[PDB]
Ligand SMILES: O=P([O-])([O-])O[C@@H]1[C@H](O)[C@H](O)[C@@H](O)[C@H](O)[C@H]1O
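Before any questions on binding or motion, here is one chain by itself as structure tokens, the form deposited without this ligand.
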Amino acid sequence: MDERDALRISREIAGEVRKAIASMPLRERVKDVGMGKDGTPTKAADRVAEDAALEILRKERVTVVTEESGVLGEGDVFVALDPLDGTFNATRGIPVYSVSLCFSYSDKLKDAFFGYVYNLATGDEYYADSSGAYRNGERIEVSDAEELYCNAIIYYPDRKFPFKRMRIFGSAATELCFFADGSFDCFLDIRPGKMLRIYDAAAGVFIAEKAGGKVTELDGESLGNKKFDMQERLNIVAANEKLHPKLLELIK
């Protein structure tokens, strides 16, 4: 499988997940239907999105790591799949939720070759491959803001901060793309518990890096050894290379 295959597969998944979610009324979406392998409830919306995505991925030689059903398959290409990132928004009809896919040539983030995030409510498509990062077919890149007085997505502000704006939209995959395309100057997830899972973050991280972003753990450490399994957890500090070290200093 190469990056062109992955783009084709991701688009087919986006089309099916979008159709499955769009037809589901909110009351239906909101219902709990089971306990996910991640340890949080699976909503009906999560289940139909995942079934639609897995029906396509099952035909490929992959090992899938996905929120509700866990680790499936034995293939050599690993796929971190979030079939519905921003479930809370989706169940409320708040239009910021996405299907997220990151393809890697091993079970580690450093071997990623493709990242894809599709906003299921707006139809915005973000992806990245060896040729760069894209939003709806157009090349994107992170902003060049150098000052802490900037536009930040941050989980969570717990002290007085110097940002021009702080936002929290409820969908890390999409928000990492908001950072990738320069809509926001940085993305931080500095929650002490380390809450992000590999499938929440992997595609956005890859897309943001291809867009020129520096993206690391809390202390500036590489994300390369983050594993595609259910146990993996991440904090994230993401910004252009000039702003990034100022952020690291700020959160100390």
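Each residue number is its position in the shown sequence, starting from 1.
The next section is about a form of this same protein that is not shown, the form solved in complex with this ligand.
Although the partner is absent here, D200 lies within 4.5 Å of this ligand in the entry with it bound, judged by heavy atoms. Mapping the unseen interface onto this chain, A172 counts among the residues with a heavy atom inside 4.5 Å of this ligand in the entry with it bound. Under a 4.5 angstroms non-hydrogen atom cutoff, this ligand in the entry with it bound lacks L109 among its neighbouring residues. Interface residue remark: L54 is not counted as part of the site for this ligand in the entry with it bound, having no heavy atom within 4.5 Å.
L84 is the sole member of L101, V142, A128, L84 with a non-hydrogen atom lying within 4.5 angstroms of this ligand in the entry with it bound. Heavy atoms within 4.5 Å of this ligand in the entry with it bound map, among the stretches 189 to 197, 56 to 64, 204 to 212, 222 to 230, onto 189 to 197 alone. Contacts between 149 to 168 and this ligand, taken as any heavy atom within 4.5 Å in the entry with it bound, involve only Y155.
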